[PDB]
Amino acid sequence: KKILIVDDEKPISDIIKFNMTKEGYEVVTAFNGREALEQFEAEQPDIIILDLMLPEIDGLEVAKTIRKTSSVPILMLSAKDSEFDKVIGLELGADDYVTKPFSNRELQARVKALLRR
């Protein structure tokens, strides 16, 4: 299965990529919202892990845009942790929302859980 990881911080991106690889997933990466949409269209990932504070296009806009055409599972992963952030994320179409700092194992488990549907 193929995961698109969207995050503008390379160290965070790398950590997630390392862990999903070790899990057997094919990983594709994007470092801003424009790249996220471009990779989504080119790669057709099975699941997107989606940072919110991004250059070019923010994660909410990315999610809103993707949802015009696709029901691909989206897991938002953000330092933004307020009630408002989580609720708007989910209402815009995120299937799950995980906050930074995060557990690698819990991220793994939630990806498996989302894929399971």
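Start at 1 and count along the sequence shown; that's the residue number.
Undergrad: Establish whether the other compared PDB entries of this protein leave residue 56 unmodelled at least a third of the time.
TA: Looking at the other entries that model residues on either side of it, residue 56 is missing from at least a third.
Undergrad: For the stretches 19 to 27 and 5 to 13, which has the higher mean C-alpha B-factor as given in the deposited record?
TA: Per the PDB entry, the higher value belongs to 19 to 27.
Undergrad: As stated in the PDB record, which stretch has the larger average Cα B-factor, 63 to 71 or 47 to 55?
TA: Between 63 to 71 and 47 to 55, it is 63 to 71.
Undergrad: Report the third (lowest, middle or highest) to which the CA temperature factor of residue 115 belongs, ranking only the modelled residues of the same chain.
TA: Highest third of the chain for residue 115's C-alpha B-factor.
Undergrad: Ranking every modelled residue in this chain by its Cα temperature factor as given in the entry, which third contains residue 37?
TA: Tercile = lowest for this residue's CA B-factor.
Undergrad: According to the PDB entry, is the CA B factor of residue 92 in the bottom, middle or top third of its chain, that is, lowest, middle or highest?
TA: Highest third of the chain for residue 92's C-alpha B-factor.
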